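Okay, here's the structure, questions in a sec.
Chain lettering (A, B, C, D, E, F and G) follows the sequence in which the chains are written, and residue indices restart at 1 in each chain.
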């Protein structure tokens, strides 16, 4: 399909990889005894390996000639769960972190001892700001509009 | 024991002057002490002052000045440093006008003074091929 | 004198004599006075 | 317990607690839903 | 008693009078060496130094060279002798250039007195200054020293080769 | 020998002079500051370039500036 | 109002816990730049600059020692708890020669359960190379319940040491005169601590370890072995194994000590069953050590008109060559903690290296000689600790010279006379270092270039120009002839390394004569050269810590400073700290070469298997003799060859060793950023980063500053040491566990 890849559900090398891993795990399982915790752990390993391979097969995942899932990150929504949705999730979380950090910096920057409140965090104010970051996309595009997001010329510059 | 009676009671160190302070220049520091205090040489180890005139020879002006700075801790202030060329060419160096350089004395003219701050220095490109 | 004797004639010549004379000249030059 | 709570509010203790909690919920997500290569949806 | 004292009653020299620097054994041993033996012209000092140095220099080249022989070989002896002679030539070249760039004097122990008496108001470093009063510290003295070193090195290397051959053959 | 320059931003606090290890700087009369004194560099032949002088300078970008230049047995700190 | 302690000196309060940097006069004002944070940890234990009173420094040091001992006890309790709960010690007891010791199991997360190896005995876990199983077996511990109780005792002891530290800083702090009783302290540490510890351990060995281990070697399973207390209550369970307890203590009090030859032997060699030292020999050794140390503890005058005064001993040891001699040394060592730390750390590291040597040379634990990973790990770890401690001793000698050295109090004594001719010492040590390096390494390079040029007869090899270590071979011959000639009451040599028979346990070689040839000559001279260069750096740091021809007032700049400036042609690293930094580098080099020599020589010419007919086959096959004489040989037949197991460990239970190999390479290369670069660049880059932060209004109030020059060097050396030591750690462990 895309880039010459093929779905992993029809990739023979993918099933060969699964079979080889399961065979190695079973051979390891053979050298232990009865329902002893080592055998239980190896059986859990086998079950998890089978579940992971089955989930990857039924996941709209494209496999190359090596039988490994390749990620299609050109931007198409068909393979949108590989990069685009995790990209949105990370952008949300990281914007949350950056927004709460910036808000805390600007909030304790207007107190008597701004530097003290950076090594000794005001946990009440920190908790107040941190749970308010869920609106960071909206807060950012409400502070940029008001001109409160960017400094203009009070920023320092070197000699040249 | 020693060449001169005014030398500090030092046992000699392999950190003193070398052939340079026999053909280029040597520095001598003189001072008078009330007590035979034990002090540390700028070159080696511990020497003993004389209860009176003390004279020490060194290879560098910095060594003599370090010794003098140590002497200030003994409430010794009258120390004076001279430069001796290969022959007996004595030149008083440290108390140049009899007053230490840290205290303002009349009769001194400013040397190396620019009537502007650092920002007034000329651009290097204008100080080229010329 | 064949052409195959030229390496044995030249390699010692260059690689030993030329260093010696070059060192002599360079040392004399850099140790000069005015 | 007025200065002890202030000590717990210091940067190292708070960072250690927050990173321990963060690693904890990450490890537990990866235990309950292991081998997640793509978004579950 | 104390066996270490300041050198020549000067506590400011970078030197000490230890039982090795200023011992009677050290005095006599260094005064019998060619470099300091009294009554020797610079040519004689150079000749003796070259003889001794070539004599002990042929040894390592002959014994451990690229053409060794557990038995006696004339080729090994010739190789060692040639290597020793060429090393002496290199050392003589070094001596010659060192003397060329170091001194500008033809008769020492006088010029110092002349400029300490009749004034030295010149470019200095030839009239004034002048380090050392030995005859080895002149342009003429060092030239003869190098000549003697070179000739004595050749002679001593040849003598040592002859001795090595005799020892390996008749013993 | 190195070059040492003094600039009129000098406040005459004497910290440069009492930090020089080779007695290069000295305090001279002046009328451009409250203290009535300015640093001078009349013995730059003894300047070693250690820059202790400008480590003790309290003015904003220094009032004593050391420009390293030609080297000498005095400026190289050679006891030999 | 006791005469030795002060009651309630410091109040137990949490107020100062909330004020970081309260100890320092400079850091107490609070942080203004990020340099304050780093200065906070760099001055935490520098008690000299926190108080101006020696008494307060001594009390802080005493409580810090208590905290350290509590930490050590907690670590030991953790080790015993892991042996009790997460180990296969019981399975290893029944099969010491076929079960690999494991005492750490790994949780099944992110696929890391592959690290649980097949150590044997129906167990999965990480193979243990600390030799705790062999030590516990030598202690007579035959059950995991005993390990649990030892762990509980360790926890109780750790709490006790914590309480002792708190008590002796806050409730009853000793006075300076108590700390300065060096005669009493030496008497107690020599008699009580050392001698009575040896005596108590000899008692434990005789009554618990001797019978239990004898029964274990006889084949008695640990379950039917009597409990250790039964060997004390019943004089018949121990009198069957050693038929001399039937006479009781009467032979001891009647001076008929020959009766106790049953369990106090002098045999030498190794136990043929376990491959370790005879535990009867060990018990006799500890008894003799106890008596010797107890006797040695009655030497110094403490509170009666009896004993020696160390001041009078030192002051009487003058000489024609040494002026006042040792006069003033007693005042130096009773008023400066740094001098005591220097001496103790140097001798402590040297002792650690000696311990490392004597460990593999004469394996003291049952079934530890045939556990090659344990032997290699123990040797390498102890040599590393020794090198670090020696560098620390040099560092604290330099610190004493900078800070606590008084010129007036040391007029014409040994310290003064050493400083007065430091030039001669350093110049001759420089010449010796150049001579040794030229010779050792250039002989290596000559061998390499002769081999590369196809001239095999021109090498410094055994089949070529040969450099036989005749002096060491003479000593080896003297030791193998000692039993019956110079040690007439010995039955066997002290170690089979000096010569004798091949000792094998379960077809695995325990010890064997270590032949010394031209390959050992070169590597021994390499060791001497590296040690000499490290000594040169450290001694130059100590002697030139106060002054020099460059900086005549270097003592006024302190022990730790980056430079004096770009003048004098450049005065970088003139400190004495910058000498402990370079000396750390050279100690790393020396110890790395030492452990490489040990690993290759043991694998190639000691360790291996013995065929039933007596044929010895080694791990590598004797390639040390002919291929350790060239640098290409070290690169190929040792590094490249034995690194195969590390690089091929992926997917196996040793994959963690490959991961740590790669990570240690990464950290070592990371160090070079700090070692090669300078601050101006990082400060000016932080300037632009700060510009961006200010543009986004997120510049921190604590101004970010690049690490100071000294801290940059410290970070560089710490990362370099960590990366190199970790790379060697992973390489050694993977190689010696795989084969």
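Things worth noting here:
Just so we're on the same page, a residue touches a chain if its C-beta (ideal position, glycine included) is under 8 Å from a C-beta of that chain, and two chains touch if they have at least 3 such contacts.
Common neighbours of subunit B and subunit D under the contact definition above: G. Core chain by CA centroid proximity to the global CA centroid: G.
Simply put, of E-G and F-G, more C-beta pairs touch at F-G. Our note on geometry: subunit A versus subunit F, Cα centroid distance of 59 Å, whole angstroms. For the pair subunit E and subunit F, the distance between C-alpha centroids works out to 50 Å. A separation of 56 Å divides the Cα centre of subunit D from that of subunit F. Subunit B and subunit E have Cα centroids lying 41 Å from one another. The set of subunit A residues touching two or more other chains comprises 118-120. Within subunit F, the positions touching two or more other chains are listed as 21, 48, 77, 79-80. In subunit D, the residues touching two or more other chains are 6, 10. Here subunit E touches subunit G in the complex through residues 1-4, 14, 16, going by the rule given at the top.
Those residues of subunit A that touch subunit G in the complex are listed here as 31-33, 36, 38, 41, 44-45, 101-102, 105-106, 108-109, 114-116, 118-120, 149-151, 155-158. Chain contact summary for the complex, subunit E toward subunit C: residues 90, 93, 97, 100-101. Residues of subunit G touching subunit E in their complex: 320-321, 323, 421, 423. Touching subunit B in their complex are the following residues of subunit F: 3-9, 14, 17-18, 20-23, 25-30, 36-38, 40-42, 44, 46, 48, 61-63, 65, 73-74, 77-80.
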